[PDB]
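One protein chain, two forms: both are listed below as structure tokens, the first as structure 1 and the second as structure 2.
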Structure 1
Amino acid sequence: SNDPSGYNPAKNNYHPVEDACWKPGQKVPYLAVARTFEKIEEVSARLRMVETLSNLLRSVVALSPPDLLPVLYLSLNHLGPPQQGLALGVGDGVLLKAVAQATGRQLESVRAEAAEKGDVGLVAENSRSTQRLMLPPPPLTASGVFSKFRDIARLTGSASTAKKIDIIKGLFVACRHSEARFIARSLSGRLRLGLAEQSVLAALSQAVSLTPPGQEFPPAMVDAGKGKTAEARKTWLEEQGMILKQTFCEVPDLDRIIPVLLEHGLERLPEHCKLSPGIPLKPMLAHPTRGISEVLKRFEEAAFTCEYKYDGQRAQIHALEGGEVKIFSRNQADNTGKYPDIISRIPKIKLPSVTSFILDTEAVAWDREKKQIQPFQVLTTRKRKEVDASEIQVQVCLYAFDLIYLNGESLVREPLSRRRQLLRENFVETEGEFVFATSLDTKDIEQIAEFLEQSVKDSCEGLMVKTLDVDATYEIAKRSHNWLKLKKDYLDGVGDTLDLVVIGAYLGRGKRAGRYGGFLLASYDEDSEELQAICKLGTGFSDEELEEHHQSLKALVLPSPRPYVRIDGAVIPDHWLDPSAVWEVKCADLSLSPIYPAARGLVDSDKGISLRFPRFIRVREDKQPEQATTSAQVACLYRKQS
């Protein structure tokens, strides 16, 4: 209709044709997307964000259906389906260089402003490009921007960075109004709308339900909910939402789903897109549980099983009819080339009656000499891309815990009791290569407590807890965190807790813009009377506690570090702090660090020690830095892990 600068997708009674800012068949302008992002970021209520995105999506369906897929990817800040592994190869480094060049400003000035504002988008938006001619280029389109992001991602090899920067600069030259803000945020990986995958799916199912695709233009049906009561409309949209969600969870690939949606409609979608070996599916996740009593409350009177939670990496293993094997990560990345050793062992793990399967396993580093699990850190030293089986140094043992598909049968809707029985009967254990997760079926609190203790003695993180028959399916769309995770470090007063000295602060980004988002912590090295950086810290405080930290630390800001504070390879703090505050910090584990100097030389000649999953517990007002946890005590904690 008129200028996209006035586009209002949050408008009441939004009409997909009359309230759009482009004409039928025209390319969706990128400014329409940016204005939608603005209206989403302005609100706190997720369902209001969904309504606003739905409005844009309904206009796209009604007016410009070829742009639906790029608009969806822009809204997710994705480049394509996850198993294809497209990635920009752009972070703040390349982006800030491009912004500096685009605006003719010094890199260090742009970088400082980005830190201060806590958002690269605001820096890119408020500076004019020294390349822009008098007459600007034509307005950016949603599909055009998306294609340029993909162009950036496809550039590889020597001198590819300069080519990426040229594309980015070209985008900024053509930006108008709020566009540069969101192109910059997209490139930095921090769109930070408050709306992500689940809201995008809800907006999409609502949009195609209210404004059906494939109508002769002008569409006779622009709002198919209008003839329903609010109550009936709600039930209908919820049911349509679940159709899309369950399909996506089984086939998380918009390249596959959107063409079907536009051609056949949402009600027919599950006939055309179904779970199948070779296509990765969304894995079941776990909800953290802070005690066995919380477990029993959550699973009330539902029989459940406890399993060791192995400390490795998830491997979703697919065997297709015909013999091909694929392996995917928890995030649906294709890891087949990383595990030639697993591929060769598949004939050894499955009985010959098994013709196809999808297995849910943990890959764990395994010492064949000592016949014992090795730490996560050892597993991460595996090579990633096209490994050959002869060159493997770190062997892996698979710990299998679920079966999602068998001999052409999807088990998504089957109870774990049956899925587990099919797993145990149709696959073959080999010690140190493929074994079923150690498990316990019980409701006795004391057996569970002992099992949790035993899992930690047996090199695991704690327990997974899973119902066997009540709400015990693998339907991620119904509940994505259907399993519980119980770790010792969740229990109040249990686990590795340290008192550490605050030696630096980092300016916050995004939700933390305008205050500190993170802090640099140190342990006390008695031998050298130095404070040694041990880790950064960025979670565990409430918003109120974070404002209190900002107040209590402001007087401690130094221009230059104290001579007895050693940070070696740590990120230099934005504000150095006079060592004074002592905070209680909890972690899951201690790790040998390539950068942190804490306790260097006490366990390893070259490496100090850091904290895995550190979080703030409380301030120790009754401790001064000389009573903080010592670097010797840190070393003792690390050795005790064995």
Structure 2
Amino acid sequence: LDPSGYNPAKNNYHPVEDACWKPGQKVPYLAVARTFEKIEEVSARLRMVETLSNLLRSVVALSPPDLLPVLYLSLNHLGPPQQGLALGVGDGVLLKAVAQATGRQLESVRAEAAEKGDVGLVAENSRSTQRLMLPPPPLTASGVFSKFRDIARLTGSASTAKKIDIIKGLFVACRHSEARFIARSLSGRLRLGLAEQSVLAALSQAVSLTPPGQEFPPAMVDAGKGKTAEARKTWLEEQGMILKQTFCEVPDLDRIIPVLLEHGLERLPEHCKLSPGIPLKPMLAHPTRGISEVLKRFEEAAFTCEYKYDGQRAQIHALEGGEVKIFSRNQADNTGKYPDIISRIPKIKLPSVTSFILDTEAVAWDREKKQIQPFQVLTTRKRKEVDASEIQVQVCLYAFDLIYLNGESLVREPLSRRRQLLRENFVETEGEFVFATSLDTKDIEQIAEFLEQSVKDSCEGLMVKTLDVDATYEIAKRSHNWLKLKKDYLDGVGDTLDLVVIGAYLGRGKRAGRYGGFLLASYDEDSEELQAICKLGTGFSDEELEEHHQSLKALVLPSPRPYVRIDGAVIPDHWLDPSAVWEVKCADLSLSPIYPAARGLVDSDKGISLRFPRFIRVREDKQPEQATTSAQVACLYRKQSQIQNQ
């Protein structure tokens, strides 16, 4: 029928009757755009999941081969994360394509996008570039997804202009609300309120209600008909856990969907299983606000405390044939990034180890003084085509978990077992491969000292993980089974800074209409200057951000004050009269390549910025001259234990 009247949120949805395309025919992108419209219209995740599940139900029964692109479009993903596909399209490039497609000037389009905080609204309500053009053939979901991959594949010189032509071709073919969601997808801000967890929930519910592998018309279109309310809830929850645990071990829709469409959800765990060479989703941590909050949530359950090393996570896979692969926490292939780790793998395990998967942290290590180097030194390593002899920043590994060992997966094993197998089958080599500094006890006085020792030993804090009660590696049960105890989480850390607001930035998405970010500055007394130190975008409540936008709008200046120095920082949208002083908390102080704050007091050509800055409260009693000085900022950077360790 007509995809313009598609309603996937209809009460009592028939996957075949309520669809807007014939069987065997490509799924129209308008059907996807209409589904995105009903999803964004609501705020309850349970209602959003059922709406997406209705689209997926119509897809599996009518056009199975279009299920993969529809899922990728709903996730705003280009493919499996280990393939490293990236659009390579910035906001300015997308805005240039919008202005050219709609026939408007670039400045008019850029002003509307900034004032509306969304490029999708600007790209949709502009049907002037059509001029005298008959409507192009309607967009399909698989065709739109194929164009996205085409844009991501374009590289080399003059590739930006070729990306614009493809984006322009999509816009002139967009009808109704299609332009809003393609521009949102290209900008990386789909803004649906639904993401990976809800897509997985909608997928398992769709294949459970409407099973795949059926002949059309489908004999079974709603497998929850003769079921009670509690019986259907527990059935769908049990089905959603089968898919989630499989995806947690194999986060690859290119591997899961074809197996899902041929054998069903119940046969999935026997075809897709955690194997070396295939990256898996890592165990995440929950921020804890103190020791006492660690004793809660865990309750009467024994746990271990380990050093939280400040580096990069390295998921190292050893295949049965001998090949070695390393993956980031985003399942990105980092094998070519660590040629040293590959050549060192012989010295970390004993001969009777054939295959494994370790969960380690690659930390920048120095062999000259035998000390841990900060995270900024680690990020100076090359990313690809690294020659082993050209490595200038050595790396020491800190293993803390074992997922695979000699052909068997230890995902369903307690940490006590996985840790015990780690120390038995692996040898420690200082400066290269060492076990995470651990400690198993309950004494609060002992734990508090371990937190101080970790910071003294160049670490962010402590990681708290149970040993036997809910101590498995099953992400699908709880993604954040571990706890992180960082010092800067406490109430009396001391690393608070009183900074002056010198600029504001127009907000986007949730922050559209008001300010999304602010420019902060410290006072340099000798130069009589306000030197920008960092930007601030988190820590405000929604009510506080409304008060800030109202009160700071009276201080808006057309030009910056002569004593304000920002150097290389992003020029604020609204220059502000220096008056507001805010207390700001951070985790560390970093040597900045753009920020001029305290430049010349610790480094000759580099200033200081803030690591993980967040807003705390307004300092009404303070004035811009009473704010933190650049001398205090330089003294704070020198007092950092990692800086003192050199």
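Numbering runs along the sequence of structure 1, starting at 1. Throughout, rigid core stands for the largest set of C-alpha atoms superposing within 1.5 Å between the two forms.
Legend entry - 2 Å-or-more CA mover between the two structures, where superposition uses the core and the choices are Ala389, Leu133, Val494, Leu351: The listed residue whose C-alpha shifts by at least 2 Å is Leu133.
Inset, instruction - State the core-superposed CA shift for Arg105 between the two structures, in Å to one decimal. - result: Residue shift at the C-alpha: 2.2 Å.
Inset, instruction - Could the core-superposed CA displacement of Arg298 between the two structures be given in angstrom, to one decimal? - result: Comparing between the two structures after core fitting, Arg298 shifts 1.5 Å at its C-alpha.
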